[PDB]
């Protein structure tokens, strides 16, 4: 299936609905008024590396002073890819904001430091392939029992607060995913 038709779930964290240049609908945040805190602080800033018509995805965020996450229903078995979108709109040195990302307890991104990877006010994406079959979730060479729900959590450590800007899940494999442009 083509790109829009292969997307099963998508969220603009801290924000309203937005359709991107590929035709992907990022839904308004389902955690509005629940756990965590929405912030539109980045709406004053140009976001480098991103396509300019889609900067609003990176200018809005959900963050928290304690661990938080999204629960996702997955209705059918198959191959999927999770894409997570981030920007650092406050700090401009390394080892200021650092956090882990977990999927059903598996650590899938260890010690993410957005500024160290891309700089200030610049797009950074993590691309995480997974498979659901025979009653199991498989991700990064690890395996556990799958019950129908995926729990995506952003873990509070010692260096400032975990955050996310947007996220989506598509059916397919890694070669099917649009990539950000190479960046210094």
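Positions refer to the first chain, counted from 1.
- Stretches compared: 112-120, 132-140. Higher mean C-alpha B-factor in the entry: 132-140.
- Comparing the deposited coordinates for 90-98 and 103-111, the stretch with the larger average C-alpha B-factor is 103-111.
- Out of 17, 169, 13, 174, it is 174 whose C-alpha atom has the highest B-factor in the PDB entry.
- Sorting the modelled residues of the chain by their CA temperature factor places residue 61 in the lowest third.
- Per the PDB record, residue ranking by Cα B-factor puts residue 40 in the middle third of the chain.
- Among the modelled residues of its chain, residue 155 has a C-alpha B-factor that falls in the lowest third according to the deposited record.
- Residue 8: CA B factor in the lowest third of modelled residues in this chain (values from the PDB entry).
- Residue 34: CA B factor in the highest third of modelled residues in this chain (values from the PDB entry).
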